[PDB]
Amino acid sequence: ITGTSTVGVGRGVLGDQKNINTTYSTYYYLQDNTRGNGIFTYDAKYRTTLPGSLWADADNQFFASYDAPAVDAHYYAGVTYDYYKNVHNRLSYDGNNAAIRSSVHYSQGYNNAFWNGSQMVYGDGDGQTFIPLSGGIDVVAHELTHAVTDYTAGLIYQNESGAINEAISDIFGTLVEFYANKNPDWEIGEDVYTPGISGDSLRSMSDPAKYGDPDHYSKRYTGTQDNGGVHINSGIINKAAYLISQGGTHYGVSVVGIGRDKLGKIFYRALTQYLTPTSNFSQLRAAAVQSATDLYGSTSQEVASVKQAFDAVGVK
């Protein structure tokens, strides 16, 4: 909408107060004009029609329980925009400052969140498996990263290419979580998953097997569920990324860690310069080796560590 840029204040899903960029024209809207062509947050009103209504508020204060998922969807989309711009010189998900749209209160008791090819969509959860999913910065950044993938490698969402697609989203979701630097970890979704259970998460990148996911290519799933295991076999790539960054010994193979920043540079270059819609795990290894070679040199520790990490998870 046309209006003047304003700054509201509210509370997110976890009860934390934050400022949000709004737009004033009769109402105060969740429309942040400070980033690209805008960040716009919508109310789906417990229905499944999308996007719903641009979020309107009478007083620029967002402290109601109903407001909390919208506050966090809007704010964390801003953090994710800032990460891609400041760290990777990428302007929004298309590289041309495309408007970022999100809808909250999708359906009733909906235990998921997703990028749909056009926008972000967040369920509220049923209060037992999930609380409103926009409360997790890694969740927001994971799903926005699918938009980056759509405009770059275009990894088809099935089998090995789909597991790479998922892992790329977990990797950058985690790197955005570290960028914001509030309780960062190598787990996925811990801030919104199972409010009654402490210390768990949806997936672990440091130890995928904690939640039944494979940490070695010899344990890959080859059935048809989950689009051929895209959220299962992602553990193999997530573990390799964790090893590249943090180092460790895994199935007797030692990896020299190179840190999160270099992990992000290597995988961002692989995603935007080398991966294709049909890339498999072996081709990801080659893309990561080439990306590290471009950035650090063929004789570098960075290249050696990429090879060690893929060796450790059984991907040649």
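Note that residue numbering follows the sequence shown and begins at 1.
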Practice item. Higher average CA B factor in the deposited record is what I'm after, so tell me if that's 126-134 or 71-79. Key: 126-134
Revision key, fill the gap. Assert higher mean C-alpha B factor (144-152 or 179-187, deposited values) equals 179-187
Study note, to complete from the structure: Scanning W55, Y251, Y268, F62 for peak Cα temperature factor in the entry gives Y251
Review point. In terms of the chain's CA B-factor thirds, is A240 lowest, middle or highest?
Key: middle
Practice item. Looking at the entry's B-factor column for C-alpha atoms only, identify whether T22 ranks in the lowest, middle or highest third of its chain. Key: lowest
**Study point:** Third assignment of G117 from its chain's C-alpha B-factors
**Key:** middle
Practice item. Compare the C-alpha B factor of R260 with those of the other modelled residues in its chain, then answer lowest, middle or highest third. Key: highest
Revision key, fill the gap. Sorting the chain's modelled residues by C-alpha B-factor and splitting them into thirds places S92 in the lowest
